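One structure is given here, and the rest of the page talks about it.
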Amino acid sequence: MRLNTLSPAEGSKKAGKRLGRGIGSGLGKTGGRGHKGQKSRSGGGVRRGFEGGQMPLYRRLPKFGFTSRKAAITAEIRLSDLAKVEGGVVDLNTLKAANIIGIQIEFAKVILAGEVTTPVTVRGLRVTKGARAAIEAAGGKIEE
Amino acid sequence: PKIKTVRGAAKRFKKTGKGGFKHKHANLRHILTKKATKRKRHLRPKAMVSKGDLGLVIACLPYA
Amino acid sequence: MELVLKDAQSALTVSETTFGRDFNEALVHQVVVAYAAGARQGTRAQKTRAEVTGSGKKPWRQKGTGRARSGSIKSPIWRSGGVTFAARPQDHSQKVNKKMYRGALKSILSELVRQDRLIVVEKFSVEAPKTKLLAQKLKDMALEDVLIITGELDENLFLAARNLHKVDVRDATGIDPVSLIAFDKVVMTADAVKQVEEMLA
Amino acid sequence: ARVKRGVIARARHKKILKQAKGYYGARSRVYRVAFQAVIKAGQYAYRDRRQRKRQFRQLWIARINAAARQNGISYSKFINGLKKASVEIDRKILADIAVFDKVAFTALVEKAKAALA
RNA sequence: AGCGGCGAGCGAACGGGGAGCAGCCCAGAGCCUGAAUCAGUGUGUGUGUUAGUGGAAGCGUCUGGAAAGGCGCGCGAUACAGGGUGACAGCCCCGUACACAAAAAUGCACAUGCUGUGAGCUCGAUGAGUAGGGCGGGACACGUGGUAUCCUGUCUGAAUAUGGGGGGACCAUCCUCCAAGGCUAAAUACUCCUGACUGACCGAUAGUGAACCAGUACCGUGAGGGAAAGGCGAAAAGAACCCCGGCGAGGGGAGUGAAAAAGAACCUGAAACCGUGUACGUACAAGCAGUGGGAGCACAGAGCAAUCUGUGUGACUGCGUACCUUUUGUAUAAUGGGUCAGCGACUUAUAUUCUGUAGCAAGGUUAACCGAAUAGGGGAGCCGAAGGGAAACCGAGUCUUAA
Ligand SMILES: [K+]
Ligand SMILES: [K+]
Ligand SMILES: [K+]
Ligand SMILES: [K+]
Ligand SMILES: [K+]
Ligand SMILES: [K+]
Ligand SMILES: [K+]
Ligand SMILES: [K+]
Ligand SMILES: [K+]
Ligand SMILES: [K+]
Ligand SMILES: [K+]
Ligand SMILES: [K+]
Ligand SMILES: [K+]
Ligand SMILES: [K+]
Ligand SMILES: [K+]
Ligand SMILES: [K+]
Ligand SMILES: [K+]
Ligand SMILES: [K+]
Ligand SMILES: [K+]
Ligand SMILES: [K+]
Ligand SMILES: [K+]
Ligand SMILES: [K+]
Ligand SMILES: [K+]
Ligand SMILES: [K+]
Ligand SMILES: [K+]
Ligand SMILES: [K+]
Ligand SMILES: [Mg+2]
Ligand SMILES: [Mg+2]
Ligand SMILES: [Mg+2]
Ligand SMILES: [Mg+2]
Ligand SMILES: [Mg+2]
Ligand SMILES: [Mg+2]
Ligand SMILES: [Mg+2]
Ligand SMILES: [Mg+2]
Ligand SMILES: [Mg+2]
Ligand SMILES: [Mg+2]
Ligand SMILES: [Mg+2]
Ligand SMILES: [Mg+2]
Ligand SMILES: [Mg+2]
Ligand SMILES: [Mg+2]
Ligand SMILES: [Mg+2]
Ligand SMILES: [Mg+2]
Ligand SMILES: [Mg+2]
Ligand SMILES: [Mg+2]
Ligand SMILES: [Mg+2]
Ligand SMILES: [Mg+2]
Ligand SMILES: [Mg+2]
Ligand SMILES: [Mg+2]
Ligand SMILES: [Mg+2]
Ligand SMILES: [Mg+2]
Ligand SMILES: [Mg+2]
Ligand SMILES: [Mg+2]
Ligand SMILES: [Mg+2]
Ligand SMILES: [Mg+2]
Ligand SMILES: [Mg+2]
Ligand SMILES: [Mg+2]
Ligand SMILES: [Mg+2]
Ligand SMILES: [Mg+2]
Ligand SMILES: [Mg+2]
Ligand SMILES: [Mg+2]
Ligand SMILES: [Mg+2]
Ligand SMILES: [Mg+2]
Ligand SMILES: [Mg+2]
Ligand SMILES: [Mg+2]
Ligand SMILES: [Mg+2]
Ligand SMILES: [Mg+2]
Ligand SMILES: [Mg+2]
Ligand SMILES: [Mg+2]
Ligand SMILES: [Mg+2]
Ligand SMILES: [Mg+2]
Ligand SMILES: [Mg+2]
Ligand SMILES: [Mg+2]
Ligand SMILES: [Mg+2]
Ligand SMILES: [Mg+2]
Ligand SMILES: [Mg+2]
């Protein structure tokens, strides 16, 4: 183990392409750009979504829907998250303290994802039917 | 710098669970009396983007 | 794991995960290379065609003279012209994940133990800040090119080692992977060993 | 890290010009012309390793024809006669014998004639 | 999120983590008084700045023009940073670590004088052609849009604390703030200029345009434009004297020097290009000038000899229309190149996706910042473990539909 006996892993360090350096390299002359046209030029190419002038897909289809501000302040909680809070009571504040939901979340819902194996009291959150069954079976209770 | 979303594409495509995109069908904005109810009914649900167009959509929506 | 002290003829108990793990050469290579990249200053520049001193006058008219067309006296094709892709100052540092840095250190220390390059002592000090005293002590312990890690940086030891170019003296919190590999031997005090164990968990 | 090209460029040009020795005018003096002359010489040599086999077989056949007609038989009948006699000597050797051992060549002609009769 | 011929593009805030942190005065009278606070001017104490002082330790022998190099034996180091000396020096020299130094001027921080300033309590007062409006513009991420808010060229015009502004058209309710007077350090931006130090920066066509008497020579009426050009040697010891020559240029000797094809047109001394000498070929012979075959001649070795081999040349002979580019297709009479040498074109930053590889793994990882720290801290955040629906919402389902 010396500064001149350390080697990188096999395959970790592929050499970069070097265009325009001779016939034998396989990228001489035109450097893979082919012959002429807009795409062979320096700075050449068409913008994203351009289709040659035909009405592009993102404009021949129609817009739809609206964006809901209330969705941005609502979160979902997994069953595996319940044991991560501090104290055995799960509410908005304890989830925020445990970094499970963001600081500006105002509404949260517990869903059946993962498992709960400890008794917990859920206060002030919505709980799905499956999650409520799992929590009560694990021995906890849900308070509105 | 950060890549900029094509905002117009963001208004028309939404990413689905396996990574495709759903969109609203064309031809249901106006000139509706002369179209059959069957045709319009089949235009009402959202559809998925085709394979040949997925590349253009993905290019427009780097943060989708 | 048991490390045998040299000056006290006793045994010291250390963590197997720290001092007895396998050598991960690819991981160590990445961390050593990133250290060397972190040492780079990256201070340089050349001038592009926009920054070479001169005027923007077209050297001669587009057509009729029988010369190749010219647009700028600063063209990189020209003698005295700009550098086509002129350099700018660069920051060459790499990110190393915390866990990869620690893993590399553990691998390096374990390899030192396996190669018998790690020497553990109860104490290492000199009476006065004199280079000659440290030279004599190292000669007595048959050490020439050595990194010495102490629990507390002894001022006398540091001063005595300054002018010996094969010899370095550090506290446990100042170890680095390149030094651990680069010095022929590594001497650690028992307190330094405990501190390194705690630091690497 | 700026790289000056002179030492390597000089070595490459010198390699080509060394391959161009003996050529006429700029072909042995001037890199641009010498390079083209070295390439063309290589192309001709590739072609003429194949041509050499043809030209020597053609020479051997001509000499065998002459020697066979000295002995009263054409080349084509001589070859057919040797083949009918199960004689597998090749044309290089038959031409060598035709020049250096005329008595042995006459013996071969007699073998061919006997096979043909 | 929004804005947007809803095109190209433009692009917040709320809220969170950090650096830094500091609050005050007038619109006024009485009491109490000269009380904090700054600003200025002296005076002292420290601490820098502007000259400086000391600063360790090596000899013998070999090679060599010269030793610092080789070899052998010593010595200093809080000094092995760096530079120089006839080749590479810790110990020859200048320095370096370290320890000291100021008659005089001056920066800063304290302390202490003098001058101005006012401190505290009570009772009051609380910025009008202003806010708001109509018209035209502009600024707000926000293009007049359903458009709050800000500014005002033009025309107007309140309430004034029992009052007024804002909470994105607008109204009610509630909450929150108090315009139309003003001052205010720090965290932030930059470098003409000065000192020190550093570089996987350049090394004379590079690096400044400028390594050199360069913003010069030169060009232009002028604004302005704007070069080329570095190296004898360790030391000038820079060649006394003689000879040819016009009391020349130039050269030959002599001498110096390690070297003079280091002699100032000076280190090395490439290539194009131009000569002298030698070997072979060449004056009956038709073309990309080579290539395959091949005689003779010259040369160097070897062999007792016969002769063989390496090198140079190449009579005669088969085959044979350069290169690049561009093209359906070029010997093309299509393009480009007089030749050489030097330079001359897929990069850099950030974002994003895929592959490889490494770490950790239902988790992974930190940013700014702190820290003397390539450590350590910092989990603000970001991605992932759940989706469906325009959405409310529901959730391993969901949407559709009366089903
Ligand atoms: K390509
Ligand atoms: K040292
Ligand atoms: K020549
Ligand atoms: K457009
Ligand atoms: K922006
Ligand atoms: K010596
Ligand atoms: K020295
Ligand atoms: K508005
Ligand atoms: K007004
Ligand atoms: K109010
Ligand atoms: K210039
Ligand atoms: K120049
Ligand atoms: K010389
Ligand atoms: K020179
Ligand atoms: K010369
Ligand atoms: K004739
Ligand atoms: K010959
Ligand atoms: K020929
Ligand atoms: K061309
Ligand atoms: K063309
Ligand atoms: K053409
Ligand atoms: K033409
Ligand atoms: K051309
Ligand atoms: K990439
Ligand atoms: K990866
Ligand atoms: K349903
Ligand atoms: Mg190819
Ligand atoms: Mg081309
Ligand atoms: Mg084309
Ligand atoms: Mg193309
Ligand atoms: Mg361009
Ligand atoms: Mg968080
Ligand atoms: Mg409609
Ligand atoms: Mg330049
Ligand atoms: Mg870190
Ligand atoms: Mg260089
Ligand atoms: Mg030549
Ligand atoms: Mg809000
Ligand atoms: Mg000294
Ligand atoms: Mg001598
Ligand atoms: Mg000596
Ligand atoms: Mg020398
Ligand atoms: Mg020297
Ligand atoms: Mg007011
Ligand atoms: Mg107004
Ligand atoms: Mg209004
Ligand atoms: Mg208005
Ligand atoms: Mg406006
Ligand atoms: Mg207002
Ligand atoms: Mg309002
Ligand atoms: Mg607002
Ligand atoms: Mg105002
Ligand atoms: Mg500064
Ligand atoms: Mg400076
Ligand atoms: Mg220059
Ligand atoms: Mg040079
Ligand atoms: Mg003279
Ligand atoms: Mg010489
Ligand atoms: Mg020299
Ligand atoms: Mg010279
Ligand atoms: Mg020459
Ligand atoms: Mg003749
Ligand atoms: Mg003749
Ligand atoms: Mg002719
Ligand atoms: Mg031949
Ligand atoms: Mg021919
Ligand atoms: Mg022919
Ligand atoms: Mg054509
Ligand atoms: Mg042809
Ligand atoms: Mg012609
Ligand atoms: Mg042509
Ligand atoms: Mg053309
Ligand atoms: Mg031409
Ligand atoms: Mg590229
Ligand atoms: Mg979802």
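A note on names: the letters A, B, ... follow the listed sequences, proteins ahead of strands, and every chain is numbered from 1.
- Nucleotide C135(E) carries a north sugar; the sign of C1'-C2'-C3'-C4' is positive.
- Nucleotides of RNA chain E with any atom under 4.0 Å from a heavy atom of chain C span, from 5' to 3', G76(E) to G379(E).
- Base orientation of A259(E): anti, the glycosidic angle falling outside 90° of 0.
- Between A160(C) and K109(A), the residue whose closest nucleotide on RNA chain E is further toward the 5' end is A160(C).
- The bases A298(E) and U311(E) are paired, Watson-Crick or G-U wobble, with both atom distances under 3.5 Å.
- In this structure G378(E) is not paired with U352(E), as neither the Watson-Crick nor the G-U wobble definition is met at both distances under 3.5 Å.
- Looking at heavy-atom distances under 4.0 Å, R126(A) makes contact with sugar-phosphate atoms alone, never a base.
- Using a 4.0 Å heavy-atom criterion, one finds that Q30(C) contacts no nucleic acid atom at all.
- Within the nucleic acid shown, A87(C) has no heavy atom closer than 4.0 Å to any nucleic acid atom.
- Using the sign of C1'-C2'-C3'-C4' as the criterion, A380(E) is classed as a north pucker.
- Across all strands, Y46(D) comes closer than 4.0 Å to no nucleic acid atom at all (heavy-atom distances).
- With a glycosidic angle more than 90° from 0, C323(E) adopts the anti conformation.
- At the heavy-atom level, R33(A) lies under 4.0 Å from base atoms of the strands shown.
- Here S42(A) lies out of heavy-atom contact (under 4.0 Å) with every strand.
- Crowding of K40(B) atom NZ: a count of heavy atoms from other residues, nucleotides or ligands under 6.0 Å exceeding 12.
- Mapping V96(C) and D48(D) onto RNA chain E by nearest heavy atom places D48(D) closer to the 5' end of the strand.
- As judged by a 4.0 angstrom heavy-atom cut-off over every strand, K57(C) is placed among residues making no nucleic acid contact.
- For the pair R50(D) and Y46(D), the cation-pi test (distance below 6.0 Å, angle within 45°) is passed.
- In this structure, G287(E) forms no base pair with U49(E) under the Watson-Crick or G-U wobble definition at 3.5 Å.
- Residue-level contact check: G6(D) touches the backbone only, with heavy atoms under 4.0 Å from sugar-phosphate atoms and none from bases.
- Cation-pi check for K109(A) over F107(A) is not met; the charged atom does not lie both under 6.0 angstrom from the ring centroid and within 45 degrees of its normal.
- Residue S55(C) is in sugar-phosphate contact alone, with no base atom involved, counting any heavy-atom pair closer than 4.0 Å across all strands shown.
- The residue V83(C) sits close only to the backbone: its heavy atoms come under 4.0 Å of sugar-phosphate atoms, none of a base.
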